[PDB]
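Protein chains in written order, with the UniProt record's numbering: chain E, 28 to 145; chain R, 28 to 145; chain D, 28 to 145; chain C, 28 to 145.
Idealized CB from N, CA, C, for every residue including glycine.
There are 4 protein chains.
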Amino acid sequence: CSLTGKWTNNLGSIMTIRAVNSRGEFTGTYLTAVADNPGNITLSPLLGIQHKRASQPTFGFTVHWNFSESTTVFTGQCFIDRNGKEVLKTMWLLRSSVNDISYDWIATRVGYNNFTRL
Amino acid sequence: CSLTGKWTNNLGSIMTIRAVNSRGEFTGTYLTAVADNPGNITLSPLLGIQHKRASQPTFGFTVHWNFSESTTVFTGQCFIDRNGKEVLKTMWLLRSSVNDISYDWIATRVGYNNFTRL
Amino acid sequence: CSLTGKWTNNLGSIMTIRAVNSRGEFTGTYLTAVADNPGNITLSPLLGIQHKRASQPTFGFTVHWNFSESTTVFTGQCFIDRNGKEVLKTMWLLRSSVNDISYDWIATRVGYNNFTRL
Amino acid sequence: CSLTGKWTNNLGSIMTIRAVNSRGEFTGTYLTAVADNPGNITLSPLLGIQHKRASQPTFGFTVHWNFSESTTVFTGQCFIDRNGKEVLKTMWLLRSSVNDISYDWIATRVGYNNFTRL
Ligand SMILES: O=C(CCCC[C@@H]1SC[C@@H]2NC(=O)N[C@@H]21)Nc1ccc([N+](=O)[O-])cc1
Ligand SMILES: O=C(CCCC[C@@H]1SC[C@@H]2NC(=O)N[C@@H]21)Nc1ccc([N+](=O)[O-])cc1
Ligand SMILES: O=C(CCCC[C@@H]1SC[C@@H]2NC(=O)N[C@@H]21)Nc1ccc([N+](=O)[O-])cc1
Ligand SMILES: O=C(CCCC[C@@H]1SC[C@@H]2NC(=O)N[C@@H]21)Nc1ccc([N+](=O)[O-])cc1
């Protein structure tokens, strides 16, 4: 349950995460399989923090989409089953860019993602 | 709309964001006014990314609570009003640590926060 | 804290709730101040249930928009302050209609609303 | 994609929904497989509205838990695949009862559920 490594989710997206430092911080790269405009998809950086001591840590990360003005955050927990298989159970918020504060109500989508190791 | 500086929210929490780098990455600290167990609250680190080009950027950040096994992620947009006042409109997910995957359904809280500058 | 009566929220929307029955069921109407296409807004029906015994009951309701294929659900709690003023604190999910299951990930928005009496 | 009938979800919960009327309104009964205190689980009524014309309608419903002061709302869309199999793709908010308005921030959980016909 070090987030380091390569993962895929139920939508077919993949992400790679680099070494987790002593503070639990990590960087990585996210390839979404889906977007509002999938023709525009490019690789997008992520940055987050996990807990370090827990065997099944909670964590969060931000994805700065490099092809959109939007941002997504993911949070979840890494679980290990009887056979040692890891799953990241996550929920996310996807924030759209709107023109002014009077449109704020329409700007936040929610969903889930389950990730397993590639 | 650089997130650098000190901010307070509607619950009375305060966060301090350091320099935003050329990628839009930032670190800082978060002092929550509230918690499951407020007697345990300690200053906690945050790490996130904002968009750089946009005058009213979207952003995300993760708070690793230093007194809990939980994690929060925030995402939102920084708006500049006609008088130049900045407001962060955010939504958040708070992930609790549970014992095993059968409890995953109970583990994610959602809410909002509006921040203005200190 | 009977939801019967007229209420307004922070976005300026108004809803009117009819008699709450002995099960806590209620119907009413909802006039949203905002929409994807505000030129199309029409008064829309709502249907929900509140708890009956509690002085500060939790509740939920569904709004079937009469001008959209979307649906919103609201859930929250009615609080009575020390002066007897009632506030509904709510969160909502707004479900859009998409063409097929491959688009399901894009279809759910989240937000808040605070209501007070008219 | 009439919600009428018997359904189960990914957590093992079941629900039965009665006839949907001409306004799209329906009642039913929900048996959750999980709860904060599963020893207390009893059958709980639901009340909601679906859209009528759409082949793959959106909908919402409220579950008034009969063993808790909490309430859940579900919203989603009913999809039909090439072989005629129905799936309800839903997101939910679970509202807890808290003592006063200053605890409101902790009171709303979010998640998903996928339902198929029994
Ligand atoms: O499309 C985008 C950017 C890419 C988002 C991919 C999401 S992240 C949650 C989910 N999990 C995945 O692995 N991938 C999806 N942004 C966007 C979408 C819609 C709108 N809009 O205005 O409707 C604006 C920006
Ligand atoms: O209490 C905690 C850790 C601190 C969370 C503070 C939240 S972050 C969203 C909101 N905005 C703020 O400025 N402050 C609040 N975690 C926690 C809470 C509940 C449970 N639980 O099991 O119920 C477990 C851990
Ligand atoms: O616009 C709509 C229908 C009206 C929704 C009003 C929302 S209910 C939550 C909030 N509280 C209020 O009082 N009013 C707002 N639906 C819609 C919106 C966006 C999209 N979309 O595709 O982006 C599709 C349908
Ligand atoms: O436990 C409860 C009542 C039952 C909730 C069942 C949920 S509905 C979303 C999900 N889908 C299912 O089919 N079943 C689950 N309420 C509750 C839970 C936690 C707390 N709390 O304070 O932590 C208070 C009330």
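Under 6 Å Cβ to Cβ from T117(R), same chain only, skipping five residues before and after it: list those, please. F101, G103 and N140
Compute the Euclidean distance between the alpha carbons of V137(D) and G87(D), then round it to the nearest angstrom. 15 Å
Go through its chain and collect everything with a Cβ distance to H78(D)'s Cβ below 8 Å, but skip five positions before and after it. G51, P84, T85 and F86
For the beta strand (DSSP E) that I44(E) lies in, which residues bound it at each end? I41 to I44
Report whether the distance from the Cβ of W119(R) to the nearest heavy atom of ligand 2 is below 7 Å. Between ligand 2 and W119(R), a heavy atom-to-CB distance of less than 7 Å is present.
From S95(C), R144(C) and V61(C), pick the residue whose C-alpha is nearest to that of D131(R); which is it? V61(C)
Closer than 7 Å to a non-hydrogen atom of ligand 2 - does that hold for the CB of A62(C)? Answer for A62(C): no, Cβ out of range of ligand 2.
Find the residues of chain E that neighbour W132(D), judging by a C-beta separation of less than 7 Å, and give them in chain order. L38, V61 and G138
Where are the alpha helix (DSSP H) runs, 4 residues long or more, that stay fully inside the segment 78 to 118 of chain C, in chain order? Under the rule that a run must span 4 or more residues, no alpha helix (DSSP H) segment is found entirely inside the segment 78 to 118 of chain C.
Tell me whether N67(R) sits in a helix, a strand or coil according to DSSP, three-state version. Residue state, collapsed to three classes: helix.
Listed by chain order, chain C residues near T135(R) by CB distance under 9 Å: Those are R136, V137 and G138, listed as they occur along chain C.
Mind pulling the chain R residues with CB within less than 9 Å of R144(E)? Neighbours of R144(E) on chain R: none; closest Cβ ~15 Å, over 9 Å.
May I ask you to check if the CB of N36(D) is nearer than 7 Å to at least one heavy atom of ligand 3? yes
In chain order, what residues of the same chain lie with their CB nearer than 6 Å to the CB of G39(C), ignoring the 5 residues before and after it? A60
Which residue comes first and which comes last in the beta strand (DSSP E) that contains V125(R)? Premise fails: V125(R) is in no beta strand (DSSP E) and is neither H nor E.
Proximity to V114(C) [Cα-Cα], best of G66(C), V125(C), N67(C) and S82(C): Closest option to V114(C), Cα to Cα, is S82(C).
Contact with chain C by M118(E), beta-carbon distance below 8 Å: Closer than 8 Å to some Cβ of chain C, the Cβ of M118(E) qualifies, so yes.
Min CB distance residue 147(D) to chain C below 8 Å: The first residue shown for chain D is 28 and the last is 145, placing residue 147(D) beyond what the model contains.
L70(C) versus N36(C), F94(C) and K112(C), residue with shortest Cα-Cα distance: The residue with the shortest Cα to Cα distance from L70(C) is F94(C).
Any beta carbon of chain B sitting closer than 8 Å to that of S124(C)? Chain labels in this structure do not include chain B; the protein chains are E, R, D and C.
Exposure label - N37(D); buried when at least 16 CB within 10 Å: exposed
Would you verify that the beta carbon of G32(D) is, or is not, closer than 8 Å to some beta carbon of chain C? no
If you draw a straight line from the C-alpha of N67(R) to the C-alpha of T35(R), how long is it? 20 Å
Looking only at its chain, what residues have a beta carbon closer than 8 Å to the beta carbon of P72(C), apart from the 5 residues adjacent to it on each side? When the five nearest sequence neighbours on each side are left out, the beta carbons in the same chain lying within less than 8 Å of the beta carbon of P72(C) are those of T54, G55, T56, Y57, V90, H91 and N93, in order along the chain.
So does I133(C) have its beta carbon nearer than 7 Å to some heavy atom of ligand 2? yes
Does any CB atom of chain D fall closer than 8 Å to the CB of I128(C)? yes
Beta-carbon of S97(E) versus every beta-carbon of chain R: anything under 8 Å? yes
Looking at ligand 2, does it come within less than 7 Å of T143(R), judged from the CB to the closest heavy atom? no
Neighbour-count burial assignment, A134(R), 16 or more Cβ in a 10 Å radius: buried
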